[PDB]
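The structure appears right after this line, and notes come after that.
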Amino acid sequence: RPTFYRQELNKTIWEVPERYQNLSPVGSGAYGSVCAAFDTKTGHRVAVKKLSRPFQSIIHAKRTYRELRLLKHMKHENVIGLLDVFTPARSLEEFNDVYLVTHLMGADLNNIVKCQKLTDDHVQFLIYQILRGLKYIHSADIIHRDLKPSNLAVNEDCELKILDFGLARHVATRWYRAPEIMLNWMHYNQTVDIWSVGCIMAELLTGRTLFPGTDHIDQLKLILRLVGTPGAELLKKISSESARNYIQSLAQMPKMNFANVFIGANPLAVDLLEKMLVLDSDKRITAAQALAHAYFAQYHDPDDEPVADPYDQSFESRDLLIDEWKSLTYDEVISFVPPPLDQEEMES
Ligand SMILES: CNC(=O)c1cc(-n2ncc3cc(Nc4c(F)cccc4Cl)c(COC)cc32)cs1
Ligand SMILES: CCCCCCCCO[C@@H]1O[C@H](CO)[C@@H](O)[C@H](O)[C@H]1O
Ligand SMILES: CCCCCCCCO[C@@H]1O[C@H](CO)[C@@H](O)[C@H](O)[C@H]1O
């Protein structure tokens, strides 16, 4: 067991192994409190996330366990991977905080969009890597649920990682959200992530948020103006008469031509945007289909787009006591095994 030390940053107390040094706050979030740190043992800067009140309620406790299970499973070049998990607690009875450690990426997608207008080649590489990481996530039967520029980060080589997963089931931007998640459809496809990819791609191409809604209804207003009011084939899948009547009541809007909306963009990029930003989620392109799209010809390698090991999420169906959730989380903390040092990290 390492020795821990305590320290106050922006009004939150941080207790961490002495290996972590120079803690600097990166952000304060609904997800948790995040601080940049330097790891003396690896010589590498790290991002440390402290779980906010992990066991305050059954919902928070299950969510804590969900996040730890998720992140422990993720081993992919374009997905956040866990370098460390720890708690200052010496026993389960004392267990009340969880800290998660990952490599610190150089920049957020939002910072990159502000910093420069991306080249089409840069857009192809960044979106290719999101879809590559996404193929892996969906292969484990996981929906990320919260792809957005601040959950995407790159290094100096524009190598990209997908970060914090959406932990809601059954403060937080609605701009990249799929319309069905807002409308409470309740049987979400993995395609909701593809809708979020399409929103991000548009923004990388134009420099501007595609759908910057001011509130919930405005968000859907802006979406329908681009993709149009729902088609007959979609109206067939909606049971409520009142919901159908309201859509019929709305002034009919034709889907806008993407070629005009994204004019000056690569035509292949516009074609791919059309296949992502479809209202009907059954008709959105999948991550694996999108990686074979001609727009990614320069980067596509069918033999280097790996898939995930099976992910046991039978826990999602459990209703357990708060003490069981806390206890299962503690077991996962105890059993965590750090990944090995990279070859590039060692010498002769
Ligand atoms: C110079 N560098 C910069 O400015 C930036 C670096 C990053 N960056 N790099 C890695 C990273 C990981 C997380 N989440 C997290 C974590 F901290 C620890 C464990 C697990 C997880 Cl999911 C967050 C929080 O996202 C809301 C931001 C992160 C973003 S801007
Ligand atoms: C008031 C106009 C809102 C339009 C929202 C679309 C209606 C979505 O409503 C959804 O329809 C699904 C299929 O019938 C059902 O399975 C879901 O329970 C229901 O929420
Ligand atoms: C009609 C109000 C505007 C929102 C349109 C979103 C339609 C998304 O598409 C829907 O996704 C559902 C799963 O979430 C599927 O069950 C439906 O079959 C599919 O049509």
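Counting starts at 1 for both ligands and their atoms, following the listed order. Scope of the values below: all heavy atoms of this structure, side chains included, with no hydrogens, waters or symmetry mates. For this chain, numbers begin at 1 and follow the sequence in order.
Looking at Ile223 and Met182, their side chains come closer than 4.5 Å, going by heavy atoms from C-beta outward. Side-chain contact between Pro179 and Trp195: present, with at least one pair of heavy atoms (C-beta onward) separated by less than 4.5 Å.
Contacts with ligand 3 closer than 4.0 Å are made by side-chain heavy atoms of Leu234 only, the backbone lying farther away. Residue contacts with ligand 3, taken as heavy atom pairs separated by less than 4.0 Å, involve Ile238 solely via side-chain atoms from C-beta onward.
In this structure, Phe86 has its ring center closer than 6.0 angstrom to the ring center of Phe4.
Remark: ligand 2 and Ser239 share an N or O pair separated by less than 3.5 Å (distance only, no angle test). Taking distance alone, with nitrogen or oxygen atoms compared against 3.5 Å, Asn184 approaches ligand 2 more closely than that limit.
Remark: minimum distance from atom 6 (C) of ligand 2 to any protein heavy atom is reached at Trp185 CZ3, 3.7 Å. The single protein non-hydrogen atom nearest to atom 10 (C) of ligand 3 is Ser281 OG, 3.4 Å, given as residue, atom name and distance. In terms of protein heavy atoms, atom 13 (C) of ligand 2 is closest to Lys237 O, 3.3 Å. Nearest protein heavy-atom neighbour of atom 19 (C) of ligand 3: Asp280 OD1, 3.4 Å. Among all non-hydrogen protein atoms, the one lying nearest atom 8 (C) of ligand 3 is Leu279 O, 3.2 Å. The single protein non-hydrogen atom nearest to atom 5 (C) of ligand 2 is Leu183 CD1, 3.5 Å, given as residue, atom name and distance. Among all non-hydrogen protein atoms, the one lying nearest atom 18 (O) of ligand 3 is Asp282 OD2, 2.7 Å.
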Using a 3.5 Å cut-off on N/O to N/O, what pairs does ligand 1 make with the protein? A line per pair would be great.
from     : atom 1 : to     : atom 2 : distance (Å)
ligand 1 : 2 (N)  : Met105 : O      : 2.6
ligand 1 : 2 (N)  : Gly106 : O      : 3.0
ligand 1 : 9 (N)  : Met105 : N      : 3.0
ligand 1 : 14 (N) : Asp164 : OD1    : 2.9
ligand 1 : 25 (O) : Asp164 : OD1    : 2.9

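In summary, the atoms of ligand 2 found under 4.0 Å from a heavy atom of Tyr246, numbered by their order in the structure, are 2 (C). The contact set between ligand 3 and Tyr188, taken as ligand atoms under 4.0 Å from a residue heavy atom, comprises 14 (O). Short contacts between ligand 3 and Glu180, defined as distances under 4.0 Å to a heavy atom of the residue, involve ligand atoms 6 (C), 8 (C), 14 (O).
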>> Could you walk me through whether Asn151 and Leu109 satisfy the side chain to side chain contact (heavy atoms under 4.5 Å, CB included) test, starting with their C-alpha distance in whole Å, then the side-chain angles of each, then the deciding distance to 0.1 Å, before giving a yes or no?
In response: CA-CA 8 Å; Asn151 272 342; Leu109 276 228; over 6 Å; no
>> Show, in sequence, the C-alpha distance, side-chain angles and deciding distance for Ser314 and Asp312, and conclude whether the side chain to side chain donor-acceptor pair (under 3.5 Å) test is met.
In response: CA-CA 6 Å; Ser314 68; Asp312 172 2; 2.9 Å; yes
>> Would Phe315 and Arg66 count as a side chain to side chain contact (heavy atoms under 4.5 Å, CB included) here? Give the steps.
In response: CA-CA 8 Å; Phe315 78 89; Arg66 172 185 299 122; 3.8 Å; yes
>> Is there a side chain to side chain donor-acceptor pair (under 3.5 Å) between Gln298 and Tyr128? Walk through the geometry before answering.
In response: CA-CA 10 Å; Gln298 268 323 108; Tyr128 170 78; over 6 Å; no
> Going through the checks in order, is the side chain to side chain donor-acceptor pair (under 3.5 Å) test met by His300 and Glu305?
Replying inline: CA-CA 8 Å; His300 183 42; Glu305 287 161 6; 2.8 Å; yes
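Side-chain contact annotation: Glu94 with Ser91, donor-acceptor N/O pair under 3.5 Å absent. A donor-acceptor pair shorter than 3.5 Å can be found between the side chains of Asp120 and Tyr295.
The nearest protein heavy atom to atom 3 (C) of ligand 3 is not closer than 4.0 Å.
In summary, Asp215 and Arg174 do not engage in a salt bridge, as defined by a charged side-chain N under 4.0 Å from a carboxylate O.
Under the side-chain hydrogen bond (donor to acceptor under 3.5 Å, both in side chains) test applied with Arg19, the options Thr3, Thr42, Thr40, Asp39 reduce to a single match, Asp39. When each of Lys255, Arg284, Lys283 is tested with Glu274 by the rule salt bridge (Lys or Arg N to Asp or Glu O under 4.0 Å), just one qualifies, namely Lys255.
Distances from atom 15 (C) of ligand 3 to the heavy atoms of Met182, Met186, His187 show the closest one on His187.
No heavy atom of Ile181 sits closer than 4.0 Å to any atom of ligand 3.
Atom-to-atom distance recorded for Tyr5:OH and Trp14:CH2 is 10.5 Å, nearest 0.5 angstrom.
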